[PDB]
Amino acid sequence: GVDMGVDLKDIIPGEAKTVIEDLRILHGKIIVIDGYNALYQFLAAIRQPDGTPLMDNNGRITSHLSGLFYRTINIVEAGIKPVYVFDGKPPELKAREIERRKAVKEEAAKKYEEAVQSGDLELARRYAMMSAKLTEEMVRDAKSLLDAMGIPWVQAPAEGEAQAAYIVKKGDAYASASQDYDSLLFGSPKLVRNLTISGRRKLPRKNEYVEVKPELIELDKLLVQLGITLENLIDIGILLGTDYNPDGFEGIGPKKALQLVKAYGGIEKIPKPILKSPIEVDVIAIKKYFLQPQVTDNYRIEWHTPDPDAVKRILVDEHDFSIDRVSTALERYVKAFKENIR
């Protein structure tokens, strides 16, 4: 999927992650899913055959709603009790997400150009795929859809990932779920990755597939295996770049950041020439914020009876989804809801 936050993928040791064979292993668990990250995953992963986003008859992108609908159904059918958490700020004002999007686009543009120049139509099509912007209206529609589906969501005061971590800390969910690792930095005991994108994706040749499986990462286990403190982990994130310093530090990737924090016991002792930043950054204040982020006790996670007609109105009437496909999915969803949620 797409990295919209702090990506630590290639520094996670094997001993710190557990491959989940399929969704059903997590049956009965409450999973708190970061809202913006999931919507970004759906925006990138759900496409027409040629790579164009799904669109309604008014020309509006619908990929995020399609993902949210069908993936949430699958999660429920697996026996998982999902709850989404949405950021206190609109997605237009999420500095790291915007910086991440810009970086992906710049990289894709360079690769598209190379593919055109080399005459590779297959790569061209891949690198041509546009990175859709998540807007406040799309977030509003996502919330409305979840309401119609009877799926709870929590309004975070600030970072969605921080609130997700806090819900897990409180024992109100088993794990947070996202493609980025932000929730671990915010102290989540358990992160599940790939939940929004798991399954089999068809490759170029006839019977070829890539298998993406969900994975569990436990915080205290990660910290021990890496031989680092939570403050060290947060500092790694700061070197890579947060909402409070979206560009991070020039030339520093995840392996290097990990090496540096370990060698100097944090950021402040790293020799100054190593760290190059466009603007001066209060790295200590950012760390202390990650340790005690703005989060709330003011939530109550409850699942309600799905409202099939309301789902139809949103997807079919307002967004031109197929009535057959939506109705068939709803039939299955209401049954699985009754059985798995109550």
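Don't overthink the numbering: it's just position in the shown sequence, from 1.
Stretch with the higher entry mean CA B-factor, where the candidates are 120 to 128 and 84 to 92: If you average the C-alpha B-factors of 120 to 128 and of 84 to 92, the larger mean comes out for 120 to 128.
Query raised in the report: Averaged over C-alpha atoms, is the B-factor higher for 30 to 38 or for 310 to 318 in this PDB entry?
Result: Per the deposited B-factors, the answer is 310 to 318.
Taking the Cα B-factors listed in the entry, which of 189, 157, 204, 237 comes out highest? Each of 189, 157, 204, 237 was compared by C-alpha B-factor; the highest is 204.
**CA B-factor placement of residue 257, once the chain's modelled residues are sorted into thirds** = Answer is middle: the recorded C-alpha B-factor places it there.
task = Report the third (lowest, middle or highest) to which the CA temperature factor of residue 174 belongs, ranking only the modelled residues of the same chain.
result = Middle third by C-alpha B-factor.
Please say which third, lowest, middle or highest, residue 299 falls into when its CA temperature factor is compared across its chain. Middle third - that is where residue 299 ends up once the chain's C-alpha B-factors are sorted.
Please place residue 219 in the lowest, middle or highest third of its chain by C-alpha B factor as given in the entry.
According to the entry, residue 219 has a C-alpha B-factor in the chain's middle third.
Self-check item: For residue 210, the third of its chain into which the C-alpha B factor falls
Solution: For residue 210, whose C-alpha B-factor we compare with every modelled residue in the chain, the answer is the highest third.
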